[PDB]
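Everything below concerns the one structure shown next.
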Amino acid sequence: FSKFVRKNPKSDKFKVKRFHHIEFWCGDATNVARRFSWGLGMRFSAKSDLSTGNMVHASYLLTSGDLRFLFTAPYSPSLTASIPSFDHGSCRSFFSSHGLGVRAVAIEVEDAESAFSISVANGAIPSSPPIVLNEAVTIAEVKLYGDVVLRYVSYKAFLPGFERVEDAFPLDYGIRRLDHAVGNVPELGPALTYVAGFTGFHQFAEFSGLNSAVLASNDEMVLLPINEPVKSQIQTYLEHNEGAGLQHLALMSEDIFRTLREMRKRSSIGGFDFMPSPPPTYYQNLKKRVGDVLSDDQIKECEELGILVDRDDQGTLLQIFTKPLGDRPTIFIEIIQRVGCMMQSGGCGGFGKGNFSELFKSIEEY
Amino acid sequence: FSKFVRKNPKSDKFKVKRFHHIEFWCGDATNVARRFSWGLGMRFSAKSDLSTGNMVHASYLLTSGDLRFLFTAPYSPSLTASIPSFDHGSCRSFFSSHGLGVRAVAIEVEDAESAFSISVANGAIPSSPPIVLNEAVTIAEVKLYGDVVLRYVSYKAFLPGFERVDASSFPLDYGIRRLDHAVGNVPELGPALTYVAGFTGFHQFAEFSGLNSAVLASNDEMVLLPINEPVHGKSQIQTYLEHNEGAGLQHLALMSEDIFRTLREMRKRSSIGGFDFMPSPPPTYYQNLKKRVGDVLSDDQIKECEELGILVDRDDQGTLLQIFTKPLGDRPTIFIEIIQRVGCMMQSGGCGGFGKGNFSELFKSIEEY
Ligand SMILES: CS(=O)(=O)c1ccc(C(O)=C2C(=O)CCCC2=O)c([N+](=O)[O-])c1
Ligand SMILES: CS(=O)(=O)c1ccc(C(O)=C2C(=O)CCCC2=O)c([N+](=O)[O-])c1
Ligand SMILES: [Co+2]
Ligand SMILES: [Co+2]
């Protein structure tokens, strides 16, 4: 009776691959990284600070699976830098106006020199030219939205100037990669026009107080949703963050029950807090909608963990959200596990849009 | 046939009680407060942030016994505040230029209204005049060294504005009970002691590498404030001074009712968010312990020091267990000291000293072969 048809022109203007890393910018990178390390279960595995010769910034790298979080903070200008786009004047201005937040959204491409030239010839505002690192890595950044940039990394074979680390049954709760990354802007329209203009990402098709549109690369493994405000928590983000900027990171986990039992045990001891949980009638209503996909016990396991379930035409998406990460109510994190389109299709299950109404309906029915 | 003689003129110019709290100025206090809380074993007790109506700064207060560690970072000017000494321009420049560190070292007093008037009269530079909060508490701040301020907290009989924190069954506790002392790094010791002692009346508490130290003390000798200058000809005092961009607080000793229970808990967490300690002394260091502190510790308590990297020193009055963490933030500046003092029971302040005999004991032990 029902059918949902999707288009994919594959209009990528240059060839991209995968999410590479995210770069948090902060004031003291050691504590943000040691916090996030115990909350998310990410192994400290590369660094570039004083003990490595870097007298410009302290950059630490947390890895879990392929997911790579880089934490960067400036030292005193009175004092070698491995990241060629770093600057005290821009980093101090970033953190003053926005607080703890994502500075770069980084994606592996075939060639960063071309990826940047084609971008800038297609409307992209440049933020950092192509710089070859030790004849091994190329790095370039164009403005994405607000003071967030889209960062192109390319190889010929973490980064030059980084040392390795391995010592900590090390930290691993099941997080395996970055699924999608989300910004908020004032006016979605011009933002979609800009971004899709210089990348050729096609709009992804989905099944209160925001309007959402999702860009995807040719393989739809580089997903970028964007939200505009229609009270509206999108509007609250823009005020506290002082402009456009990134809203959440969704982390793909190989077992969302493993990940969640770990991250809820640590909420009150340095880890991360979560949204208050749906009413029990939300989970009583699961069997009627996804009981062909989740066994009763896994349904039990979602109620026991506050885990949201939605599905669209292809598969089913399990998701739960944290509270804000630092001071301001701005950046939160989303933990997701996608089930269904096994080949795994990018975006299997969508992004959770269905849960707004399905959560309202569960509230009303006791 | 030796005796160490201590004088105590008890020259306090006002009446001071104990250490009250330490305030770290941050950029994002949530991750620092949470890092410290898991790392030291201190409970979340109060807040003053957006959730409670404060829209100028976020402050999260961690306690553990009597130790009170307050964490404050500024919001955006575009947005209620419970600490009348705060400033966005002051907190930005404090964090741009010194990194994460101590802003204020706060002491309880009979009257902060009078502690300030006397201090300013004897040289001390005023930083925040006395301000009564909800007609219940009074707060004032005079410049200590660099951008540290000495802060006076007097009661009529955590603070006004703070919402008390929620429960998690048996919250964190590794044994830390109070702030023993709060050490400073100055370029010149002389002008340091003259200025501080000139306005506090605190007296030189006598002691039994590349630095010179003098310990300043109130009439009960329970508020302790050692001060350090560098000796040139390398010096960690001088290395502090460059990364900190001037004078500032160098370390906090955290008294613990069982240093082993604290170092067992803390060392378990070093690589899962916690704190890291300096490399442990050679094993000859501890073979030497029997003959200098065997009359105070057992054979099993000298083993527990080795299995833990703990250092032992003693005075004419008592013995001093101590261990040191690596620098708590990005910059190589402020660190934390975990100590527990044995003896001087009536417990006195400055039982066992401050560890100054451990420079040569460590160096002596290092000559293994
Ligand atoms: C109302 S809810 O089910 O809790 C809920 C459900 C889904 C999301 C989701 O992350 C967002 C997507 O990434 C991109 C499109 C908009 C959107 O909604 C959120 N959200 O993070 O705002 C909340
Ligand atoms: C030789 S040692 O064991 O490393 C060692 C032993 C004692 C201390 C001690 O806490 C300090 C005192 O409180 C004040 C005097 C200066 C000083 O040295 C430290 N320290 O400055 O970290 C190191
Ligand atoms: Co999402
Ligand atoms: Co000390």
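Each answer follows from the model by the rule given with it, or from the source it names; no laboratory read-out is quoted. Counting neighbours? That spans all protein chains shown, and the Cβs are built from the backbone with ideal geometry, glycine included.
For the stretch A:257-269, filtering for residues that are of a type outside the set (D, E, K, R), in a loop (DSSP other than H, G, I, E, B) and within 14 Å of A:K323 (Cβ to Cβ) leaves 2.
In the stretch B:243-260, the residues that are over 18 Å from B:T319 (Cβ atoms) form Cβ pairs under 7 Å with partners that are away from ligand 1 (no atom under 16 Å from the Cβ) and among the basic types (K, R), at six or more places apart or across chains, as follows: B:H243/B:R331; B:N244/B:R331.
The strands (runs of 3 or more DSSP E) falling completely within the stretch B:13-110 that include 1 or more residues that are surrounded by fewer than 22 Cβ atoms within 10 Å (Cβ to Cβ) and within 9 Å of another protein chain (Cβ to nearest Cβ) map to B:43-48. The number of residues in the stretch A:225-256 being within 14 Å of chain B (Cβ to nearest Cβ), in contact with a strand residue (DSSP E or B) (Cβ under 9 Å, 6 or more places away or on another chain) and assigned to a helix (DSSP H, G or I) comes to 6.
Out of B:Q322, B:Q340, one residue alone is away from ligand 1 (no atom under 16 Å from the Cβ) and more than 27 Å from B:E242 (Cβ to Cβ). It is B:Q340. Residues in the stretch A:142-183 that are over 29 Å from A:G245 (Cα atoms) and of a type in the set (K, R) were compared, and the one that is farthest from ligand 2 (Cβ to nearest atom) is A:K156. Restricting attention to the stretch A:205-222 and to residues that are within 14 Å of ligand 3 (Cβ to nearest atom) and within 17 Å of the chain's Cα centre (by Cα), the residue that is farthest from the other protein chains (Cβ to nearest Cβ) turns out to be A:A216. For the stretch B:193-202, the criterion of being outside any loop (DSSP other than H, G, I, E, B) and within 16 Å of ligand 4 (Cβ to nearest atom) is satisfied by no residue at all. Checking each residue of the stretch B:300-309 against the condition of being more than 21 Å from B:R178 (Cα to Cα), away from ligand 4 (no atom under 16 Å from the Cβ) and polar (S, T, N, Q) gives at least one match. All conditions in (1) closer than 29 Å to B:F95 by Cβ; (2) buried (at least 22 other Cβ atoms within 10 Å of the Cβ); (3) outside the structural domain of B:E108 (by CATH) hold for B:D147, with the sole exception of (3). Annotation note: Cβ proximity below 9 Å between a residue of the stretch B:350-368 that is crowded, with 18+ Cβ neighbours inside 10 Å and a residue that is assigned to a helix (DSSP H, G or I) (sequence gap 6+ or interchain) occurs for B:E361/B:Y285; B:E361/B:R292; B:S365/B:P283; B:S365/B:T284; B:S365/B:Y285; B:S365/B:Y286; B:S365/B:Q287. Checking each residue of the stretch A:145-156 against the condition of being of a type in the set (D, E), away from ligand 4 (no atom under 16 Å from the Cβ) and in a strand (DSSP E or B) gives no match.
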